[PDB]
Structures are given as C-alpha cells and as structure tokens.
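Participant: Shown below is the structure under consideration.
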Amino acid sequence: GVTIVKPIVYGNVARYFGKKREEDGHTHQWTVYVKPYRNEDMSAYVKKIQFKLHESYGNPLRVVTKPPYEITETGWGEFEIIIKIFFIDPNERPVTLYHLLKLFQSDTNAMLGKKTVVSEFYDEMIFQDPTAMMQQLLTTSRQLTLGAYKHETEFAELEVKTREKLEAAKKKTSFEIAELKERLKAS
Amino acid sequence: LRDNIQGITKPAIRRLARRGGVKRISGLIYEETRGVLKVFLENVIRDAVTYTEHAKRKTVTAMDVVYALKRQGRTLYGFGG
Amino acid sequence: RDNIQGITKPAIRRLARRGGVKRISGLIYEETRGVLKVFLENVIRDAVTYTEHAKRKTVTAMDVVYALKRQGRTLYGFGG
Amino acid sequence: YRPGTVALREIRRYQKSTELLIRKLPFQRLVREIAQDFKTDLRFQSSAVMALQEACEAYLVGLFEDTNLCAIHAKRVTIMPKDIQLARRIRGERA
Amino acid sequence: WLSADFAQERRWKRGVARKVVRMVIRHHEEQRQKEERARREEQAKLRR
Amino acid sequence: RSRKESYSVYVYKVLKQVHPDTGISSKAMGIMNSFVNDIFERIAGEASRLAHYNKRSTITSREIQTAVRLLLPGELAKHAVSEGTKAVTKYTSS
Amino acid sequence: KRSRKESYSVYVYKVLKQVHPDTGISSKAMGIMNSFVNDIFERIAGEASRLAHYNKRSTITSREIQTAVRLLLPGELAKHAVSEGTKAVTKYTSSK
Amino acid sequence: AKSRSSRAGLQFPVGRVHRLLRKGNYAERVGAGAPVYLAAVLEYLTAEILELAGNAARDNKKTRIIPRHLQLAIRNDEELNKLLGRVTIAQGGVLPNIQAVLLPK
Amino acid sequence: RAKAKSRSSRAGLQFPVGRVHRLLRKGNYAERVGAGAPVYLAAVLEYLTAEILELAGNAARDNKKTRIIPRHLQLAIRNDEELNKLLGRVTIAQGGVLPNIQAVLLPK
DNA sequence: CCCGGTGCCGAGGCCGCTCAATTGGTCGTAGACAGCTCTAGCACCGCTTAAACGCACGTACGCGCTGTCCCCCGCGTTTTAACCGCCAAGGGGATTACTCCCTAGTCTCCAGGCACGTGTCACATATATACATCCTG
DNA sequence: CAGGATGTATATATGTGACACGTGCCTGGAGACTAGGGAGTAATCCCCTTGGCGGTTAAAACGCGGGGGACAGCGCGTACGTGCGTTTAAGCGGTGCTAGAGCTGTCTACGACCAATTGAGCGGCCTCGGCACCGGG
C-alpha cells in the first residue's frame, strides 16, 4: 500500500553550428538528459541510465552513472532515443522512456532567431509497493546542490520571460546612468 | 560534480607514461589508468575528509592531505610548512 | 661454517608447492637461498639490535616479533 | 618519423623536467567530484589540491614504471592492461 | 663594543657573585646536611 | 613467577556468545590475543596522532571514532562505529 | 593576532651555508627540507618510544635514541649518525 | 560493585583498556568514553573473527577453532583481509587455489 | 645569573635542541625525556640534513644551477644508495624522476 | 578420501589470593561557545591560443604458428641427519639495598620569527647558430 | 653512403620574481638555581630451559629416461604513431562578494590525582574428552 512518486524531466537541447561540418556533415550539437524535477540526488536510487541511439553511431548504446544524467553528441537528423533507467534495487523493474530528439526549430521559432532548440517532457516515476531497501533509498534522497534548479522548454517562451526582466533592468540602468553622468559633468 | 575523470586525457596519460619510461602505449591503458587514479583519489580524499570532518572544519587543508597520504604510505614533502 | 645449504632443493620445492607453483626452474634454488638469507640477515640484525639494548644473553621470540613488525612482516602466534 | 623515435624523445624530455603533467583546472574538478561523494559544499585549499595532484602524479609514475617492466617481461614493448593489473595485484591494491 | 660589555659584565658580575653567595648557602646547608648524612650513616649501621 | 596478562577470559566469553558450543585451542587463543593487542596499539596510535593534529591534549570517544573510521574498510568501519557509539551511549546512561 | 608558525629554516640554512658557502636554497626546497626533518624526527622519536615501552621504561634516553637510530638508518649511514651522536653527547657533558 | 564493562553492556575489560590507554603514553588525559568506545570496537572485531573462525572450523567436522581455520576466515573475509593484509597467522597455511593455467584440461 | 648558554651551542649542533626536547616531552613518545635524548636526535637529524644537502648541491652544480630545487633533491635521493632506502616510501613534489630508460626499449 | 576404534595430552573448569579496578572527593584547566573579522575561496566574463579532438596512412610490433633441443618431472634405490628422550649448568628472572638522574618551581635572560622596507641577485623566457640526429635515397 | 630535414643543444642576455639583509618587538623559549622524588643499577641466588650425548627410521639425494615446455625463427594483420586540419576549453588576471578559519574572551564540566575498599583476573592444578593416529573399504 506504499506508493512513491518521483518527478523527473527528460529531454534534449540542441545548438546549430551555423553551417554543415565538412568532417562528418553534422549540423547540430545536442545533449540528451534526464534530471530530477525537484532538487534531489537521483544517485541515491538510480544505478545507471542507458541511452540507446540510432544505429548510425559507432556505438548506439550509451551509459551514464551519475545525475544529472546526460550525454553530449553531434548529429544532423532527428531520431527516437530509448532511455532505460535502472534502479539500485535489482528487484525493481527499470523504467523505459522514448524521447524524440528535436534539432530543428519551427517556422515561428526560426523567425524569432532563437539560439537554442529544446524539447523536454515531465514525467513521474511511480513505485507501487516497493521493497524496504528501495523505499528507504527513495525516502532518504538528499538535496542535489545548494543552488537553484529550473526548466528550459518552451525555450523561446522562457527566453522571452528572462528578457522581459533582463532588458528592462538593462535599459533602466543604462538610461539612469547616462542621465546621472551627463548631469554631473555639466555641473 | 560528474564525469570529471575524463579530465585526464590521452595526452596527459601519455606524458605520465613517458615520464615513467613507457615507450608504446595501448588503447585500454588510458581507461585502466583513469580507473586506477580514481580509486587512488577516492581513498586519499576519503582520508582527507575524515581528518577534516573530525576537526569540524569546512575547508580541506593541506595538512589533512599530508596525513591521508602518510596513512596510505605516500609520505609527501613540500606541503608540511 | 657456510651452512646456508640447509635450505635444500626438496624444502624449496615444498615451499613452491605451498605457494602454488607446479614446476620449478633449474636456477630457482640458488636465488631463493639468497633471498631467504637476506631476509634472515635483516630480521636477525633487528633482533640482535633489540637484544643488545635489552641486555639479555638470549634472543627472544619477543625480539623476533619486534624485528618482524619493524620490517612490516607482522606475525601472530608468539605473544605479539 | 619512425614510430618510436618521437616517443623516445618525449620519454627523455619528460624524464628531465618536473612540471605537473596533469592539467590543473581539469584535475581540481575531479578532486571536487570525488570530494562531493563525501561532503557537500566542501572547500579545498590551493596547496591541498596541489599536494593531491603531486601525490597522484607520483603514484601514476611509479605504476607506469612497474608496468614498463611487467610489459618487458613478456618480450613486449607496448604496455597492455594485464600489465597494470599484475602491477596492482603484486602491490596489494586489488589482490 | 665596550658599552654593552660593561652592561653585560655588570649583569654577569651580579650573577656570578650571586651564585657564589648561593653555593655558600648550599654549603652551610651541606654542613647541616653533613650532620644529617652522619645521622643517616648511624641509621645504616642500625640497619646492618 | 611473573604475571603475563591477556584477554583470554573475555575472548572466551565472546566466543561463547557467538558460538555457544565451538571451543578454541591455546594457539588460536594466543593468536586472538595478539590480534587484539595489535588492533589496540594501532587504534590508540591513530587516536594520539589525531589528538596531536587537533592540538588536543586528550584522546576522546570522538578521536577513537575517527581513528576507527581511518582504519576499518567500509562496512566494518560503519559497524564498529555503531557498536562504539551504542556502547558509549549506554554507558553515559548509568 | 599574529599566528606565527615555527620551522627549522633558520638552522637548515645555517648548516647549508656552513657545508656549502657558495650554494643557496629556494623556499620550496627549504619546505621539503623541513618536512624531511620533521618526518625523521617523528620516526626516531617513535622508535625510541617503542624501545622504552618494550623495556618497560617510562622515559626515553640517549641509549634508546641510539638503538633507534641504529635500527632506522641503513648500513653505512647508521654508523655515521651514531658516531656523530656519540661524539656530541661526549662534547656536551664535558662542559665546553 | 558494577564493572564498567557490564555497565556499558560490553564483555571486554573497559577498565583494563582505560588503564592501558592512560599508561601507554597515548595522551595526557583519557576521556571517560574513549576506553568504552575502544573496548566496544575491540569486542566487535573479536566477535566477528571468532564467529567466522568458529563456523570455519565447524565446517570441517571440528568443534574447536584452530589457526588453520582462523587464517581461512581472515583471508576469505574481504574486510578482515584488508585489515590484516600484511599480517601472517602462524600455522595458518594458505587458501586452496590452483591457477587455471596450471590446471590441466 | 651567568651568561646563558644554549644546549645546541653547548653540544655543537645547529638544530634546536630546546624545541626537539619540547616536542619529545609533550608528545606521545614518553612521559618524561632525558637531557641526552633530544641532543642525540637533533644531531642525527642535522647529519641527515647535511648529507642530503651536500648531495643536492652536487646535483645542482651538475645541472648548472645555484639554487637547490626539488629536482636536485629527487635526483640526489634516487642516486644515493642509502638515502634512497631511507626515503623509498616518500614522494617529493616537483622532484621528478630519473632518466632510467630500459635498455630493451632503445633503438635497434 | 571416508569410517570405526583407541588414546592422550592439551583444553577447560575449579580454588584461591591480590592487585588492579572501583568509589568517593578535590582543582583546575582545556574546551565549548559566542563575538568579530578579514583572508581566501567562490563566481564570472572576456581576449588569447595552446592543447585537444578527429581523421588519414602505413609501418612496425603483437600474435599466432612451427620446430628443435633440453631441462625439468616422475620413479626407483641409496646415504645422511632430523627427530625423540635424559643429564648438567648456564643463564633468565625474583629479592633486597641504595644513588645518580630527572621532576617541579621560579625568576633571569639570549634568541629567534615576523611586519616592513630596502637592495641585491637567480634563471625563466627569448634568440640564434652549432650539433647532432635522423630518414628517404 | 649520403643530405634535406628535423630536433636538441649550447651560450648569451635581461629584468622581474625571490632570496638576502637590516630595524626594532616581544613573547614564547632557554637556561640557571634550589629542593624533592624515584626508578633502575648492582649483587646475590634459586630454578627452569638450553646445549650436549647415542639410536631410528624418514627424508634428502643421486641417477635415469623420455616428454612436454622454453626459446628462437617467421609471417600475417592490424593498430598504434605521426602529421594535418578543425575545434574547444585551458590559462590569464580583473572584478565582485561573502563564508568561515582563526583569534579571542569568558565561564565551566571533566579528568588527573590521591586514598581507601573490594572482587576479576590470573597462576595453578586436575580431571576428561576432541581430535591425533591408524588400518580396512
């Protein structure tokens, strides 16, 4: 009768190189990741995360062993990545997720000139009637870092929400400074 | 932090082997050296943090590292004042 | 005197068996004899150094244990 | 150049100098990584980090010096993983 | 060179004469302690 | 005769507690006594070194705890520390 | 409010200059030198303490230190250090 | 009236441990709980080794711990092995193990 | 009192006999220390230091350097037979190693 | 290697005494804790670029195979001494007597350890031809 | 049997880092001078544990024979080195900020210390039974 819910976010970021590379023809860098929604240490209950890529790469089955779990790579086309999260308790069935690697922007986002492409989704790992060890591990999770933890996608919207503060403060500061300096020098 | 063991690159390991006298190096020697260096740092820093926590200090001083290396048998001069 | 040959070929072979070897070379015995002689010389030197300070005419298993501990070969069974 | 000449050159070059062979900024991050697993928000002194790097470099130099002989024992010039494994086993670290 | 010498010789002299009168007190004490050692010799004959 | 001394009685009591029916020979008892003495020496030396490092003129339960941490490998350290802390807590309550 | 830390650099440089008038020493070399002095001091003092504890004596003496030096120093360095210590203990007790 | 060993619930001689600590020149002031803690750790290690050696000797149809089985336990336990690595148990022997390369077939 | 003479000067040593005695008496080593123990200890330490300094200065002159650096210490230690045995389990920072290339890895 | 019989000396339990552990009582001192601060550790951002990463190519080193030659390995018989008990006595340890050496305390005093500024005093970095020191012909 | 073609020294120079050298501070040390303590040196002397005699078989040793393992020669393959080009984050040092290691000041519980009392431990002794030894399956 014990149900534990762990919120997580899994996704990918991508940066366009501006031109097709001559070495391998790739056009984008991308990082595929799972990270926690809360500021908590996934390593207390995750043994490893395996990411299975498209068969174009020299090895498609990548592995990561510490949170925030992520892999950085390069590519030119979109493909589905299978993320298999294994838990410390071998009696617990690992979780399977399918992430559509997004590298290209939509027309609306392309017109806005945004420097990064992001696709990420929120999910909740549900452990129903978990073992005593697994329950203790899930309940004893510690905080990951003392800093803030945040989410990115819709990237254009988050960037606009950031700039709505940033440019306002910058313009205020700029104009106020210019006025102060000019008045003081005129006297 | 994470995956900072990869901050020990193939040129660095090859220079460390050149300084040890090795002429030709294999491919998996780099992974073996990273794994061995990580295991060594694990014990050294565990001893250092054990000497630190016991002192109720928030900073790992150089004397803590010196004492850890002495415990592990690697007496290190040049950092004992 | 030169009674170092007391550690004979069959004794060295039995030591090798206990160490897990199933085949010995022809030049291993003269090397094992020298290695054992150096190890002894060292341990006995430490034991005699302890005994001289102790002012005892008889070398003791306690002095042997102290010598072994100094050399790092800690031994249990003889009171230390 | 013939394979091996530029390598013996680097051998003679790095067996002559004494500077650190591992990069500071990358090695300090590894040190802080390994310290995170023991204490959160842990501070380190520059002298402590330098001592750690020196100890690591000396240990690795000794390990490679033993691995060189382990490889030469098998009439081989290239050091293979079993060489470092035998070195560690006979040292007593993974016996 | 000589100024510090006199200052040093003064502290040395008052120290030297000091320890002199000093062993003088210990000597007189040693005479009473000499009688006490004779008493201890009497006690040693007692013990024998 | 003199009075050579050993933990034989307490070793035998712990042996009875762990295996009520399994005895121990004299050679084994002497080896166990030597092991206990060596571990005592090592732990006390490490505690004195910790005291000298911290500039403390006294070896306390915390010093002994840190010395045991600096010597026992992992699970053994975690169990010995728990045993020592429980023993000291039960002692402080009497 | 000063936090002054001691060291053997004042005497390690005196011996250095008396055994080599023209040669100096850097600060890092002086630190390594002081570390060596501290390490060997600890070694010899611990060995003398061990000898005293084995002989059931609560005080360390010149004889314990001599046997400790004989045990620690190897071969033809032990003899030299022991002769130096013996000569010093005899020139010190002669009121010179 | 009450021995500190029984007070703390230990079997080892807390008092003898305190005496040895204060007489071994380890420090000028032995804490009240330092000897209790040390005796507890020693008792824990002794119980571990005794249990292992007991059930190693009883695994060979015996009913009396011997040096052979003490050594077997010390070398089979990965923790006790790291602890007593450079230690040699007299009359303990070695572990039965033959390399595959030496083995036939 | 009489002009105070230091124990180091009385013996003929440079290392601090007073500080050595302080360490010995307040340390784990023993309850109380005799007057002869710290003198002997300081003399031995001074001898070891003089020896290693001579070797380091020789290495420095060989390398054409006036300042003894950790290179001249490492080279001296690993070239000397007995000092190498004394400091075998001791690593020196920025000291380096010897150019000991195995004869089997040379051009043929 | 496993099983039933006999056998013995070493394990384990009891007796008794004493010396260490314990109980009670005191002083003081190192420490626990709060107050203050100022260094150094942390974070960040930009100009520079040296090192790292990726890829091509082939050359030399791993590695697998084969063949000879012998140098250990198993077995039989032959020769030496390790091993298991007695018998002096030479040392290792109890017991008593006693003194040189160190402890403890308190002044008196030479000496070294930095804060600071000043003046020398290496050799790291830079520059170039001289010397190997290759390697493809 | 050369020579472009690299790489590695060798020597010289200079000016900024760092040894090097006063100038006075003082506070933690270093020694001198009485008084008190104490443990180990020294001389006996009782008592076990060595070192020294003659046999018994058990292991060391010597030999033999052939067999399987070491070592050398050789060749196939591939991967590990070197060079070139692209890429990245490492080194620099410039600025901003505050966190806590460290100094400091006060008040206090814990432990060394000393004296008396008590029983836990240990030498000693004896009875006994777990495993050493052994011959048939």
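Here's how to read the names in the structure tokens: chain A, B, ... by the order shown, residue numbers from 1 in each chain, ligand numbers from 1 in the order shown.
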Any idea what's packed within 12 Å of residue 23 in chain B, counting only C-alpha atoms (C1' of nucleotides), ignoring anything in its chain fewer than 6 positions away? Could you give it as a VMD selection string?
Facilitator: (chain B and resid 14 to 17) or (chain D and resid 3 to 12 14 64 to 65 67 to 69 71 to 72 76 to 79) or (chain I and resid 101 to 107) or (chain K and resid 80 to 81)
Participant: List the spatial neighbours of range 36-45 of chain D as JSON, numbers by chain - criterion: any atom at most 10 Å away, only C-alpha atoms (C1' of nucleotides), same-chain residues fewer than 6 positions off excluded.
Facilitator: {"A": [143, 144, 145, 146], "B": [1, 2, 42, 45, 46, 48, 49, 50, 52, 53, 57, 58, 59, 60, 61, 62], "D": [28, 30, 51], "J": [40, 41, 42]}
Participant: Could you tell me which residues of chain H sit within 10 Å of chain G when counting only C-alpha atoms, and give me the result as a PyMOL selection string?
Facilitator: chain H and resi 23-25
Participant: Write the residues you've just listed into a file as a PDB file, in the first residue's frame, and include N, CA and C atoms for each of them.
Facilitator:
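Okay, out.pdb is ready:
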ATOM      1  N   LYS H  23      48.334   4.475  30.471  1.00  0.00           N
ATOM      2  CA  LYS H  23      49.716   4.113  30.764  1.00  0.00           C
ATOM      3  C   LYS H  23      50.572   3.931  29.518  1.00  0.00           C
ATOM      4  N   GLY H  24      49.966   3.862  28.334  1.00  0.00           N
ATOM      5  CA  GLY H  24      50.696   3.675  27.101  1.00  0.00           C
ATOM      6  C   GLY H  24      51.268   4.930  26.488  1.00  0.00           C
ATOM      7  N   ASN H  25      51.211   6.058  27.191  1.00  0.00           N
ATOM      8  CA  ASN H  25      51.720   7.342  26.717  1.00  0.00           C
ATOM      9  C   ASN H  25      50.938   7.874  25.524  1.00  0.00           C
TER      10      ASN H  25
END
Participant: Please determine the contact residues of chain I with respect to chain F at a cut-off of 12 Å, counting only C-alpha atoms, and supply them as an NGL selection string.
Facilitator: :I and (23 or 26-29)
Participant: Got a sec: who's within 10 Å of range 46-54 of chain K, counting only C-alpha atoms (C1' of nucleotides), leaving out chain neighbours fewer than 4 positions off, as a list in words?
Facilitator: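 My list of contacting residues is residues 58 of chain C; 86, 87, 88, 89, 90, 91, 92, 93 and 94 of chain J.
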Participant: So how far away is CA of residue 66 in chain D from CA of residue 86 in chain D, in Å?
Facilitator: 9.4 Å
Participant: Tell me, as an NGL selection string, which residues lie within 12 Å of residue 24 in chain J, counting only C-alpha atoms (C1' of nucleotides); anything in the same chain fewer than 2 positions away does not count.
Facilitator: (:J and (22 or 26)) or (:K and (114-117))
Participant: Write the residues you've just listed into a file as a PDB file, in the first residue's frame, and include N, CA and C atoms (P, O5', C5', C4', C3', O3' and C1' of nucleotides) for each of them.
Facilitator:
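File produced: result-v5.pdb:
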ATOM      1  P    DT J  22      36.463  -0.605  36.494  1.00  0.00           P
ATOM      2  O5'  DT J  22      35.932  -0.161  37.934  1.00  0.00           O
ATOM      3  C5'  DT J  22      35.465  -1.150  38.847  1.00  0.00           C
ATOM      4  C4'  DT J  22      35.157  -0.542  40.203  1.00  0.00           C
ATOM      5  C3'  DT J  22      34.390   0.783  40.166  1.00  0.00           C
ATOM      6  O3'  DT J  22      33.246   0.700  41.004  1.00  0.00           O
ATOM      7  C1'  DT J  22      36.273   0.948  41.588  1.00  0.00           C
ATOM      8  P    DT J  26      35.117  17.304  48.479  1.00  0.00           P
ATOM      9  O5'  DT J  26      36.372  17.960  47.734  1.00  0.00           O
ATOM     10  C5'  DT J  26      37.665  17.859  48.320  1.00  0.00           C
ATOM     11  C4'  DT J  26      38.733  18.425  47.399  1.00  0.00           C
ATOM     12  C3'  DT J  26      38.336  19.680  46.628  1.00  0.00           C
ATOM     13  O3'  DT J  26      39.424  20.592  46.636  1.00  0.00           O
ATOM     14  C1'  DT J  26      39.018  17.995  45.108  1.00  0.00           C
TER      15       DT J  26
ATOM     16  P    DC K 114      49.078  12.361  42.902  1.00  0.00           P
ATOM     17  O5'  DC K 114      48.180  11.987  44.171  1.00  0.00           O
ATOM     18  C5'  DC K 114      47.687  13.019  45.016  1.00  0.00           C
ATOM     19  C4'  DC K 114      46.787  12.451  46.100  1.00  0.00           C
ATOM     20  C3'  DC K 114      47.272  11.139  46.720  1.00  0.00           C
ATOM     21  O3'  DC K 114      47.107  11.185  48.130  1.00  0.00           O
ATOM     22  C1'  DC K 114      45.071  10.874  45.893  1.00  0.00           C
ATOM     23  P    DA K 115      47.834  10.105  49.072  1.00  0.00           P
ATOM     24  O5'  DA K 115      46.623   9.262  49.683  1.00  0.00           O
ATOM     25  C5'  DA K 115      45.604   9.925  50.415  1.00  0.00           C
ATOM     26  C4'  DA K 115      44.447   8.988  50.707  1.00  0.00           C
ATOM     27  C3'  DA K 115      44.849   7.588  51.183  1.00  0.00           C
ATOM     28  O3'  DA K 115      44.135   7.264  52.371  1.00  0.00           O
ATOM     29  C1'  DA K 115      43.291   7.446  49.412  1.00  0.00           C
ATOM     30  P    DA K 116      44.474   5.925  53.194  1.00  0.00           P
ATOM     31  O5'  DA K 116      43.158   5.032  53.021  1.00  0.00           O
ATOM     32  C5'  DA K 116      41.897   5.553  53.427  1.00  0.00           C
ATOM     33  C4'  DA K 116      40.755   4.699  52.904  1.00  0.00           C
ATOM     34  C3'  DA K 116      40.861   3.207  53.220  1.00  0.00           C
ATOM     35  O3'  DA K 116      39.600   2.719  53.654  1.00  0.00           O
ATOM     36  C1'  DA K 116      40.619   3.521  50.885  1.00  0.00           C
ATOM     37  P    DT K 117      39.464   1.245  54.279  1.00  0.00           P
ATOM     38  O5'  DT K 117      38.591   0.458  53.195  1.00  0.00           O
ATOM     39  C5'  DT K 117      37.370   1.020  52.737  1.00  0.00           C
ATOM     40  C4'  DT K 117      36.795   0.216  51.585  1.00  0.00           C
ATOM     41  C3'  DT K 117      36.840  -1.302  51.756  1.00  0.00           C
ATOM     42  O3'  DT K 117      35.617  -1.855  51.304  1.00  0.00           O
ATOM     43  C1'  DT K 117      37.911  -0.701  49.743  1.00  0.00           C
TER      44       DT K 117
END
Participant: Using DSSP on the backbone, list every residue of chain D that comes out as strand (DSSP E), and give them as a list in words.
Facilitator: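 The residues of chain D classed as strand (DSSP E) are residues 43, 44, 78 and 79 of chain D.
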Participant: Could you name the residues that touch residue 32 in chain F at 9 Å or less, counting only C-alpha atoms (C1' of nucleotides), but leaving out those on the same chain fewer than 5 positions away, as a VMD selection string?
Facilitator: (chain C and resid 76 to 77) or (chain F and resid 7 to 8 11 27 37) or (chain H and resid 46 49 to 50)
Participant: Neighbours of residue 87 in chain F within 12 Å (only C-alpha atoms (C1' of nucleotides); same-chain residues fewer than 5 positions away dropped), as number ranges by chain?
Facilitator: F: 61, 80-82, 92-94; H: 4-12, 14, 33-44
Participant: Should the cut-off be 10 Å, what would the residue list for chain K against chain I look like, counting only C-alpha atoms (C1' of nucleotides), as a list in words?
Facilitator: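 Using only C-alpha atoms (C1' of nucleotides), chain K residues at most 10 Å from chain I: residues 19, 29, 30, 31, 32 and 33 of chain K.
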Participant: Which of these residues is nearest to chain B, using only C-alpha atoms: D:87, D:94, D:24, D:47?
Facilitator: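 Of the candidates, the smallest distance to chain B is held by D:47.
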Participant: I'd like the contact shell of range 42-45 of chain I - 6 Å cut-off, only C-alpha atoms (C1' of nucleotides), skipping same-chain residues fewer than 3 positions apart - returned as a list in words.
Facilitator: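 Skipping anything fewer than 3 positions along the chain leaves residues 81 and 85 of chain G; 15, 38, 39 and 48 of chain I.
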Participant: Could you go through chain I and tell me which residues DSSP, when run on the backbone, assigns to helix (DSSP H, G or I), listing them as a VMD selection string?
Facilitator: chain I and resid 7 to 11 17 to 26 36 to 63 70 to 79 81 to 86 103 to 105
